[PDB]
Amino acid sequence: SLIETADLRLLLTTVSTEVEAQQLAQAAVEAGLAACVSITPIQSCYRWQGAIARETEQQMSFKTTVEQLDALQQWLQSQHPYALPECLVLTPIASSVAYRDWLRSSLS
């Protein structure tokens, strides 16, 4: 049942706290900006303003379409305006018809 896909997108970002991740995920789905969101606890080590830090974060992966992606990304920024958040987008190359159709059905 695999089909080629070019219009699905995964938006990856991080936030510091579980509570923020949960709230952002719920509201993005309610807004029709993403169909599904996963939240994974991580540790991140990074260069920021000269120094190296290791902090706990929540990795978020938002499932959306190319049509909703800009709106989603801008909306997420609006939710933590003080942050320069991680923003990486991946394009899946295939999916199932049913999963693709469900995902597209979930967006507004």
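Position 1 is the first residue in the sequence shown; the rest follow in order.
Of the other compared PDB entries of this protein that include residues on both sides, all give residue 78 atoms, none of them, and so not a third, leaving it without. Note: missing coordinates for residue 49 occur in a third or more of the other compared entries bracketing this position. Averaged over Cα atoms, the B-factor as recorded in the entry is higher for 81-89 than for the other of 81-89 and 13-21.
Once the C-alpha B-factors are averaged per stretch, 69-77 and 44-52 rank with 44-52 first.
When all modelled residues of the chain are sorted by CA temperature factor, residue 28 is found within the middle third. Among all modelled residues in this chain, the alpha-carbon of residue 107 has a temperature factor (C-alpha) in the highest third. For residue 6, the recorded CA temperature factor ranks within the middle third of the chain's modelled residues.
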